[PDB]
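Trainee: Contents of my_file_37.cif (mmCIF, C-alpha atoms):
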data_start
#
loop_
_atom_site.label_atom_id
_atom_site.label_comp_id
_atom_site.auth_asym_id
_atom_site.auth_seq_id
_atom_site.Cartn_x
_atom_site.Cartn_y
_atom_site.Cartn_z
CA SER A 327 1.54 -30.78 173.51
CA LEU A 328 -0.97 -28.01 174.37
CA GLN A 329 -0.52 -27.56 178.16
CA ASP A 330 3.27 -27.63 177.52
CA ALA A 331 4.32 -26.09 174.14
CA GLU A 332 7.25 -24.53 176.16
CA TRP A 333 5.97 -20.91 175.69
CA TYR A 334 2.51 -21.60 177.24
CA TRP A 335 2.22 -21.99 181.05
CA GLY A 336 -1.48 -22.77 181.74
CA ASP A 337 -3.25 -20.00 183.73
CA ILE A 338 -1.00 -16.87 183.93
CA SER A 339 -1.55 -13.17 184.87
CA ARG A 340 -0.43 -10.28 182.56
CA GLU A 341 1.79 -8.70 185.29
CA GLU A 342 3.74 -11.96 185.95
CA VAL A 343 4.09 -12.56 182.16
CA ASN A 344 5.55 -9.05 181.56
CA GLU A 345 7.93 -9.64 184.53
CA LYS A 346 9.09 -12.88 182.80
CA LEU A 347 9.54 -10.95 179.49
CA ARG A 348 11.63 -8.12 181.18
CA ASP A 349 15.17 -7.23 179.86
CA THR A 350 14.94 -9.61 176.84
CA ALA A 351 15.69 -8.52 173.23
CA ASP A 352 13.21 -7.93 170.34
CA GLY A 353 11.42 -10.86 168.63
CA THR A 354 10.95 -12.50 172.04
CA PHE A 355 7.47 -14.05 172.56
CA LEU A 356 5.11 -16.14 174.72
CA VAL A 357 1.40 -17.10 175.10
CA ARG A 358 -0.88 -16.31 178.08
CA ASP A 359 -4.56 -16.92 179.07
CA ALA A 360 -6.93 -14.00 178.25
CA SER A 361 -8.14 -12.15 181.41
CA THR A 362 -11.83 -12.94 180.63
CA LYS A 363 -13.59 -15.31 178.16
CA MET A 364 -15.79 -12.39 176.93
CA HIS A 365 -12.53 -10.47 176.22
CA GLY A 366 -10.91 -13.34 174.24
CA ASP A 367 -9.27 -16.78 174.62
CA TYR A 368 -5.45 -16.41 174.70
CA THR A 369 -2.94 -13.56 174.43
CA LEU A 370 0.22 -13.67 172.36
CA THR A 371 2.69 -11.19 173.79
CA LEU A 372 5.66 -9.92 171.72
CA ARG A 373 8.70 -7.87 172.59
CA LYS A 374 9.91 -4.85 170.63
CA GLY A 375 12.64 -3.28 172.75
CA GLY A 376 11.19 -2.41 176.18
CA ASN A 377 7.74 -2.17 174.60
CA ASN A 378 5.46 -5.20 175.07
CA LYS A 379 3.05 -5.89 172.19
CA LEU A 380 -0.22 -7.75 173.00
CA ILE A 381 -2.02 -9.83 170.36
CA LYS A 382 -5.39 -11.53 170.89
CA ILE A 383 -5.91 -15.18 169.94
CA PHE A 384 -9.68 -15.69 169.38
CA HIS A 385 -11.19 -19.22 169.33
CA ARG A 386 -14.26 -19.85 167.09
CA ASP A 387 -15.64 -23.22 165.81
CA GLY A 388 -12.39 -25.17 166.42
CA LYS A 389 -10.63 -22.27 164.63
CA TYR A 390 -7.91 -20.18 166.38
CA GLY A 391 -7.15 -16.75 164.84
CA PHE A 392 -6.11 -13.12 165.48
CA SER A 393 -8.64 -11.41 163.14
CA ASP A 394 -9.72 -12.33 159.55
CA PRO A 395 -7.10 -15.20 159.45
CA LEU A 396 -8.84 -17.87 161.61
CA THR A 397 -8.24 -21.12 159.61
CA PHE A 398 -6.01 -22.80 162.28
CA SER A 399 -6.91 -26.16 163.95
CA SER A 400 -5.06 -25.47 167.26
CA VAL A 401 -3.46 -22.49 169.11
CA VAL A 402 -0.06 -24.33 169.07
CA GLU A 403 0.16 -24.64 165.21
CA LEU A 404 -1.21 -21.07 164.76
CA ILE A 405 1.64 -19.72 166.95
CA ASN A 406 4.10 -22.08 165.11
CA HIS A 407 3.44 -20.73 161.56
CA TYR A 408 3.03 -17.18 162.91
CA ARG A 409 6.63 -17.50 164.27
CA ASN A 410 8.02 -18.80 160.91
CA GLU A 411 7.50 -15.42 159.14
CA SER A 412 6.56 -11.89 160.34
CA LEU A 413 3.01 -10.98 161.52
CA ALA A 414 3.03 -7.99 159.08
CA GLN A 415 0.42 -9.87 156.96
CA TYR A 416 -2.04 -9.60 159.91
CA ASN A 417 -0.89 -6.13 161.15
CA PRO A 418 1.65 -4.06 159.04
CA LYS A 419 3.05 -2.47 162.27
CA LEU A 420 4.02 -6.01 163.45
CA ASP A 421 7.06 -6.14 161.09
CA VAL A 422 9.00 -8.63 163.31
CA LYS A 423 8.99 -12.44 163.76
CA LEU A 424 8.48 -14.63 166.87
CA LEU A 425 12.09 -15.80 166.14
CA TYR A 426 13.44 -15.38 169.73
CA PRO A 427 11.81 -18.33 171.62
CA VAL A 428 13.01 -17.24 175.13
CA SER A 429 10.41 -19.19 177.21
CA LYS A 430 12.08 -22.63 177.64
CA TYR A 431 11.86 -24.13 181.17
CA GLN A 432 15.15 -23.40 183.04
CA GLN A 433 15.64 -27.17 183.66
CA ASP A 434 18.85 -26.96 181.53
CA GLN A 435 20.08 -24.29 184.02
#
Can you give me the file's structure in the form of structure tokens?
Mentor:
Amino acid sequence: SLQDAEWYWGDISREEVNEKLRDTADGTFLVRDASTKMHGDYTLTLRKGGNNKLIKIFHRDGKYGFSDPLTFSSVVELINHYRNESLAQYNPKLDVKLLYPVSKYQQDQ
């Protein structure tokens, strides 16, 4: 599940991930490795019309979380519930959902 998850592609660089996100609509999302371990653990990236929004996933004692909300067993399920509704609970400015799941492998194509 974890290495796959469709939206997560193992070790990835920010530049390549923004190139993958390019020209997609709002609500689009995908997860990327954090540049350094001292910086964080993983980066959720959103899309909000041309503007790319970067959210940190921090890993604690088996707990994955953006900030105060940390009670999540894995990064996969955290991202899952976070997609269901909007991330306005965590950050009011994030008043959009992870609805658009444009990150599926182009095997179908």
Trainee: Which residue gives the smallest distance to residue 334 of chain A among A:399, A:432, A:393, A:371, with only C-alpha atoms counted?
Mentor: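 With only C-alpha atoms as the atom set, the closest residue is A:371.
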Trainee: So, counting all atoms listed in the file, which residue among A:425, A:343, A:370, A:331 is closest to residue 403 of chain A?
Mentor: A:331
Trainee: What would the selection look like, as a tab-separated table (two decimals) with C-alpha atoms, in the coordinates of the input, if the PyMOL selection byres ((chain A and resi 428) around 9) were run on the coordinates I just shared?
Mentor:
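Written output follows (result06.tsv):
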chain	number	residue	atom	x	y	z
A	333	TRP	CA	5.97	-20.91	175.69
A	347	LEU	CA	9.54	-10.95	179.49
A	350	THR	CA	14.94	-9.61	176.84
A	354	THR	CA	10.95	-12.50	172.04
A	355	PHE	CA	7.47	-14.05	172.56
A	356	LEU	CA	5.11	-16.14	174.72
A	426	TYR	CA	13.44	-15.38	169.73
A	427	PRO	CA	11.81	-18.33	171.62
A	429	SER	CA	10.41	-19.19	177.21
A	430	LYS	CA	12.08	-22.63	177.64
Trainee: Tell me, as a PyMOL selection string, which residues lie within 10 Å of residue 397 of chain A, counting only C-alpha atoms; anything in the same chain fewer than 3 positions away does not count.
Mentor: chain A and resi 386-391+394+400+404
Trainee: Can you tell me how far atom CA of residue 349 of chain A sits from atom CA of residue 376 of chain A, in Å to one decimal?
Mentor: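 Those two atoms sit 7.3 Å apart.
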Trainee: How many Å separate atom CA of residue 339 of chain A from atom CA of residue 358 of chain A?
Mentor: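 Atom CA of residue 339 of chain A sits 7.5 Å away from atom CA of residue 358 of chain A.
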Trainee: As a VMD selection string, please: the residues near residue 377 of chain A (cut-off 10 Å, all atoms listed in the file, same-chain neighbours under 4 positions excluded).
Mentor: chain A and resid 348 352 372 to 373
Trainee: Atom CA of residue 332 of chain A and atom CA of residue 414 of chain A are how many Å apart?
Mentor: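 The value is 24.1 Å.
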Trainee: Looking at A:329, A:357, A:398, A:340, which one is nearest to residue 382 of chain A, with distances taken over all atoms listed in the file?
Mentor: A:357
Trainee: Considering all atoms listed in the file, can you say which of A:411, A:369, A:351, A:364 comes closest to residue 338 of chain A?
Mentor: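 Result for the nearest residue to residue 338 of chain A: A:369.
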